[PDB]
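Beneath this line is the structure, given in structure tokens, with notes to follow.
Structure follows, in structure tokens:
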């Protein structure tokens, strides 16, 4: 249904035309050929010069198909001399293996301590379909078959003359930036997938030749070379990079959730199956200053602070955030937020930016008795708690807007399973944002303050991405609204996305990215190029600008050479 | 002489008595069964016409 890597993590894909141009520039293919076949007292010869080879449609998985046109050839069929036409060609079938070779490539983004593997044809070559005709149409089908046998004998004998190197890979090379070892392949592979056109012609553009590779010593016991054909067709780019969602989650979402100070290093459990990062035990979300003036611990149940990928969106969820609000009243709130990693063209540069997408979803559950007995009184404290989550701060507001929102709040009350439930959809969130009365400038000021305090938290954050419980208590003991805590957590999570934004304690580099996202200073930040460098330092084509980036089952980037 | 009557249209090709061959030099192929030494039957329409 979508793009699948069938056990692999990283992938680099190109079109057939791009590889054909690589072969054309490299010019490491045989030109002159002399095929000879001798059998049953009969001798057949095909001596001539080949044209430039073209890798066309017909290759799938391990199979690699190349079109070899013939510039001019002479055929000797037991003395029968024939001159081939200029339209004659053959379709050879070969396979690719990453043979180890002496190091010749350089990786400025790596330590160059790995081993160079070059893609070459294994030691054989079979021809699938050919076209061999003379200038007068006097050839016979058996003559053409015999010449095809001679060509097969030539290609098996003369495969060594094709000294073309298909690709270069650095294996087990330590990255120059230690934090991004996930961008250095460990176990590599290739794949092919060719797609025909409507007019039944080889599509040198839509066809996709890929190279899959595991990273960070991930064991793959099922080496497969099948490649999804729609990986390039959607992008319409000459080259593409692909990073698996499992690596996007087990090495990025863990940092975002742990750095949010809501969980500790020993209270986070990775879960590949559900593609969600959460807390194994009950945690604390922050300090709550209700309308009663008493500081309350915001306790989250295990498995509720969720961070996952849904609907091509980074989804952050909170559930079962329960405490004692006052006079023996308990209510539960649920929140869901959607974010999208898009690409923005700023100052002539492609900058990956995480931006809000659609509107959040809210749920609130309470007992019937509280509604029937103390509906009016507890509503004040509930409002004081809720307004923080919306405005990002716990500030009072006029009662006219309170009644205007309260009529809608009481309108959306339903009775399910003996409990009062209210649901807030996408439209109600934007309605609340418009009716809140807080200008976007004030929100930007809040964002600046939260960015500065998130830089302070990252200073408190150790190398592993966690913070000591003593320092966590020192930071959290300060009285601050729960909405501001949500904003600080969001700021820290977004700042942790620099690893997918920029490649290269990490606290000061995060502070540099914070300066870039708060003052628009990317003078020392190359932007996406560094990340693209990590995708091309280890995967060097025989030589680009990246203009496409998205996620369709896989973090996918598209670029043109 | 002994005519071999133990052949059907779906007998396996043994490369000796039942095979698939090419008519003339054209790319047409057809199945043939050797009934007696050097005489074969091609249970198919004639390729030439």
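Chains as they are written, first to last, in the UniProt record's numbering: chain Y, 168 to 290, 297 to 677, 681 to 719, 724 to 741; chain P, 1 to 49.
Think of the CB as a built atom: it goes at the ideal place given N, C-alpha and C, for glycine as much as any other residue.
- The beta-carbon of residue 25 of chain P is placed less than 8 Å from the nearest beta-carbon of chain Y.
- Contact between residue 47 of chain P and residue 26 of chain P holds: CB atoms are separated by about 7 Å, below the 8 Å threshold.
- In this structure, residue 433 of chain Y places its C-beta atom within 8 Å of the C-beta atom of residue 662 of chain Y.
- Beta-bridge partners of residue 619 of chain Y (DSSP): none assigned.
- When the beta-carbon positions are compared, residue 668 of chain Y and residue 611 of chain Y stay at least 8 Å from each other.
- Legend: CB atoms of the region 307-334 of chain Y lying less than 7 Å from CB atoms of chain P belong to residues 313, 314 and 315.
- If you draw a straight line from the Cα of residue 420 of chain Y to the Cα of residue 395 of chain Y, it is about 18 Å long.
- Beta-bridge pairing by DSSP links residue 199 of chain Y to Y:216.
- Counted as a single uninterrupted DSSP element, the alpha helix (DSSP H) harbouring residue 419 of chain Y occupies residues 418-421.
- C-alpha of residue 284 of chain Y to C-alpha of residue 714 of chain Y: approximately 10 Å in a straight line.
- Around residue 327 of chain Y, the same chain offers 200, 201, 202, 203 and 213 as residues with beta carbons nearer than 8 Å, after the five sequence neighbours per side are excluded.
- Rounded to the nearest angstrom, the gap between the Cα atoms of residue 15 of chain P and residue 254 of chain Y is 36 Å.
- A direct Cα-to-Cα measurement between residue 578 of chain Y and residue 585 of chain Y gives close to 11 Å.
- Three or more beta-carbon pairs separated by less than 8 Å are not found between the region 411-431 of chain Y and the region 456-473 of chain Y, which leaves the two stretches without contact.
- Residue 523 of chain Y carries a strand assignment under DSSP once its states are collapsed to helix, strand and coil.
- Residue 5 of chain P and residue 36 of chain P have their alpha carbons spaced roughly 10 Å apart.
- Counting the other Cβ atoms within 10 Å of the Cβ of residue 2 of chain P gives fewer than 16, which makes it exposed.
- Here residue 654 of chain Y has 462, 561, 566 and 567 as same chain residues with Cβ atoms under 7 Å from its own Cβ, once five neighbours each way along the sequence are excluded.
- Beyond the five residues adjoining it in sequence on each side, residue 457 of chain Y comes within less than 8 Å, by CB distance, of 435, 470, 471, 472, 473 and 649 in the same chain, given in chain order.
- Contact check for residue 228 of chain Y and residue 365 of chain Y: beta-carbon distance about 6 Å, within the 8 Å limit, so the pair qualifies.
- Look at residue 358 of chain Y here: in three-state DSSP terms it is strand.
- The region 396-475 of chain Y contains, as complete alpha helix (DSSP H) runs of 4+ residues, the segments 403-408, 418-421 and 427-432 (chain order).
- Burial is judged here by how many other beta carbons sit within 10 angstroms of a residue's own beta carbon; residue 206 of chain Y has fewer than 16 and is exposed.
- Per DSSP, the unbroken beta strand (DSSP E) holding residue 284 of chain Y starts and ends at 282-288.
- Under the DSSP definition of a beta bridge, residue 509 of chain Y partners with Y:490 and Y:534.
- DSSP places residue 247 of chain Y in the strand class (E or B) of the three-state scheme.
- Contact annotation: residue 170 of chain Y and residue 733 of chain Y have beta-carbon atoms nearer than 8 Å.
- For the pair of segments examined, the region 375-392 of chain Y was found to touch the region 177-184 of chain Y: the number of CB pairs separated by less than 8 Å reaches three.
- The C-alpha of residue 438 of chain Y is placed about 12 Å away from the C-alpha of residue 645 of chain Y.
- Judged by DSSP in its simplified three-state form, residue 658 of chain Y adopts helix.
- Distance from the CA of residue 705 of chain Y to the CA of residue 614 of chain Y, rounded to the nearest whole angstrom, comes to 32 Å.
- Uninterrupted alpha helix (DSSP H) stretches at least 4 residues long and entirely within the region 543-603 of chain Y occur at 572-584, given in chain order.
- Taking a 10 Å sphere around the C-beta of residue 693 of chain Y, we find 16 or more other C-beta atoms and assign the residue as buried.
- Comparing C-alpha distances from residue 521 of chain Y to each of Y:542, Y:727 and Y:303 shows the shortest one belongs to Y:727.
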